[PDB]
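See structure below.
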Amino acid sequence: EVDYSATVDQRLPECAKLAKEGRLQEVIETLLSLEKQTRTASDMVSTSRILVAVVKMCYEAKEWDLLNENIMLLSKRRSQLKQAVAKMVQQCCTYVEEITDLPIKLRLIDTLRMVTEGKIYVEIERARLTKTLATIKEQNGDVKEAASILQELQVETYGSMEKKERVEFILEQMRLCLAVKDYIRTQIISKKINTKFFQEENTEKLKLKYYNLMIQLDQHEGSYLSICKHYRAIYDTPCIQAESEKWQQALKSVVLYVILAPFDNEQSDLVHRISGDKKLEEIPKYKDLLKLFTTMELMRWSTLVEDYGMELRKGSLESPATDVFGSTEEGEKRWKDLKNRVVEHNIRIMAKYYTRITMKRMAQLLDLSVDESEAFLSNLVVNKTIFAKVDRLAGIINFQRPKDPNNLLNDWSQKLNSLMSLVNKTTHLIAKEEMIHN
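For any residue, its number in UniProt numbering is found by taking its place in the sequence shown, counting from 1, and adding 16.
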């Protein structure tokens, strides 16, 4: 357009000197007139410098009220250039960072966040400023208010923000929600992160923070399998997989949580996947333990305790123990759940092999009293986990379902089919033997 350029180059140092002398209101009025001229001229580079010089002038002179009023007026000028306001806010957030006085900084943050509300070109600043506000509202107590302030920011919609900073914002939102114990909101916010982003270049810190936050979230609910998956995701990070003290702990937690997960197709598949790892040999006590949950035999709770409890609960100096079975309340609950998993595995094995078993023998093999074993079996039967009929009068447990004539005759027919196939295969093998020795 008219390209003022040097016109503001002449003015700005002069008004800066006058401001240092003490004249500000007249000087800021002169810059208001010059800003009007540039804005009508639509000179982006001149208007941005004018606004930046104005806010710097009101900042260096400690004119906090004047700075806030100038920000309000300059942001609200008619047909203001958006980039000029963006540069002005970018310069003002630096002053926000520099200011250490809490009330002045808070008022300046409020003004900046109210002038940048609902505007795309300053969405990043109002984001970062909000983060700063949240920090101020957390280091001074009142974590609930900081969580509420950072929660309303829909950072996933902010297109200009870098994906890395967006993920950092979501992680901070999740951490604040966890700090106020808002696990439902933590799940809702966790849904906003695509885990594939952690397969990219150097962002392993974000991956570790995200998966630790998810571990904390799922620990409260008790979803052991999800916790095991999260720990397995931590185990695959190159940073953790490069230090023994880190990947060993991660894999210890992986094993201890895949064991705690109730048996299903997914749990068995995960156990098989983990057992294929060779790094388990660096921690045999855990590896053998996993083998104990893979073998199709009875395992005794007393033997399991006397062989692994010290290595799991108290641990060793050479191999530190995870917090999975620590002395805290969560550790005690996980220990009880481990005993439940052991007895349930024993009941599964006893259902595969036994057809009928005495309640006394079942209690003896479960390291439980008759009443405790019967209650556990009843709980399993009601949940349709394991079929069993308890003739309590005779103290008998029947794992054998009544034989449908369809089922019996189908077993007979399957035997016939296998017999015929084996006869054919034997005939072919006989033909090969005839060929070889003729």
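Virtual Cβ for every residue (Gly too), placed ideally from N, Cα, C.
For residue i, list the residues DSSP reports as bridge partners.
i: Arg65; result: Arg65 pairs with nothing; no bridge assigned.
i: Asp323; result: Bridge partners of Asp323: none, in fact.
i: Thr374; result: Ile412
i: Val406; result: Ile413
As a quick exercise: from the options, pick the residue whose alpha carbon is nearest that of residue i.
i: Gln235; options: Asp353, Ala35, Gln380, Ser437; result: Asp353
i: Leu34; options: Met73, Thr401, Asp427; result: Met73
i: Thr132; options: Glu114, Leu89, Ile120; result: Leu89
i: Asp198; options: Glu217, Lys160, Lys212; result: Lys160
i: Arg248; options: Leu124, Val287, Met378; result: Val287
i: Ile125; options: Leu222, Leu145, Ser58, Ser343; result: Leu145
i: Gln26; options: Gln106, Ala57, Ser62, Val398; result: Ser62
i: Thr338; options: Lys268, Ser318, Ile290; result: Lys268
i: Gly157; options: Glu181, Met130, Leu192; result: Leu192
i: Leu381; options: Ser318, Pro421, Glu345; result: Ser318
i: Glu237; options: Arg350, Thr54, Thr443, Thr219; result: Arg350
i: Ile243; options: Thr443, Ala266, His453, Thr253; result: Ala266
i: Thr173; options: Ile205, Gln264, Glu154, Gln155; result: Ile205
i: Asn84; options: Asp59, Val112, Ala100; result: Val112
i: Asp81; options: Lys223, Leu97, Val68, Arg123; result: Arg123
i: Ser21; options: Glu76, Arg39, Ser260, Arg55; result: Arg55
i: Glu282; options: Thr23, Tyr240, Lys301, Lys448; result: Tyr240
i: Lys221; options: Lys212, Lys207, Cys255; result: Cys255
i: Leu169; options: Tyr227, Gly331, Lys262, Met190; result: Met190
i: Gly134; options: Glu178, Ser91, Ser164; result: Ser91
i: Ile275; options: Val386, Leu424, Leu320, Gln53; result: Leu320
i: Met130; options: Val105, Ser385, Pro119, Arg289; result: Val105
i: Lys223; options: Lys180, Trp428, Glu388; result: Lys180
i: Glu178; options: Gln155, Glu154, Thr219; result: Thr219
i: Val196; options: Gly175, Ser164, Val68; result: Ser164
i: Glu388; options: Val359, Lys400, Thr310, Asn399; result: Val359
i: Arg94; options: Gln107, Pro119, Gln53; result: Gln53
i: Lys207; options: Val386, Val171, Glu216; result: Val171
Rounded to the nearest angstrom, how far is the Cβ of residue i from that of residue j, given a contact under 8 Å?
i: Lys355; j: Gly411; result: About 24 Å separates the two Cβ atoms, so there is no contact after all.
i: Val138; j: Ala162; result: The Cβ separation is near 22 Å, so there is no contact.
i: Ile186; j: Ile209; result: 5 Å
i: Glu51; j: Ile66; result: 5 Å
i: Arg364; j: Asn414; result: The Cβ separation is near 16 Å, so there is no contact.
i: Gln203; j: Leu166; result: The pair is not a contact, with the Cβ atoms about 16 Å apart (cut-off 8 Å).
i: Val70; j: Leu97; result: The pair is not a contact, with the Cβ atoms about 14 Å apart (cut-off 8 Å).
i: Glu188; j: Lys121; result: Not really, about 19 Å apart at Cβ, beyond 8 Å.
i: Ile200; j: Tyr227; result: Wrong, their Cβ atoms sit about 19 Å apart, outside the cutoff.
i: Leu306; j: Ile290; result: 7 Å
i: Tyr324; j: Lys294; result: The pair is not a contact, with the Cβ atoms about 21 Å apart (cut-off 8 Å).
Leaving aside the five residues before and after residue i along the sequence, list all residues of the same chain whose C-beta is less than 6 Å from its C-beta, in chain order.
i: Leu296; result: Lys303
i: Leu308; result: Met315
i: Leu328; result: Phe341
i: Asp117; result: none
Determine the burial state of residue i: buried for a count of at least 16 other Cβ atoms within 10 Å of its Cβ, exposed for fewer.
i: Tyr369; result: exposed
i: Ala258; result: exposed
i: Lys78; result: exposed
i: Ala277; result: buried
i: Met436; result: exposed
i: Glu184; result: buried
i: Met312; result: exposed
i: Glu298; result: exposed
i: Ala150; result: buried
i: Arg417; result: exposed
i: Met451; result: exposed
i: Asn86; result: buried
i: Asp252; result: exposed
i: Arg142; result: buried
i: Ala100; result: buried
i: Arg408; result: exposed
i: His361; result: buried
i: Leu425; result: exposed
i: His246; result: buried
i: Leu438; result: exposed
i: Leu432; result: exposed
i: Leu445; result: exposed
Closer than 7 Å by C-beta to residue i: which residues in its own chain qualify, once you throw out the five before and the five after it? Chain order, please.
i: residue 4; result: Residue 4 falls outside the range modelled here, since the chain spans only 17 to 454, and no answer is possible.
i: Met326; result: none
i: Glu42; result: none
i: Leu194; result: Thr202, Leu229, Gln232, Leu233
i: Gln264; result: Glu298, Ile299
i: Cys109; result: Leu128, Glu141, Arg144, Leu145
So, for residue i: in the same chain, excluding its five sequence neighbours on each side, which residues have a beta-carbon less than 8 Å away from its beta-carbon?
i: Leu393; result: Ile363, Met378, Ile402, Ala404, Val406, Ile413
i: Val18; result: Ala57, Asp59
Using 7 Å as the cut-off, classify the Cβ of residue i as near or not near the heavy atoms of the ligand SAH, replying yes or no.
i: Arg364; result: No copy of the ligand SAH occurs in the structure displayed, which carries no ligand at all.
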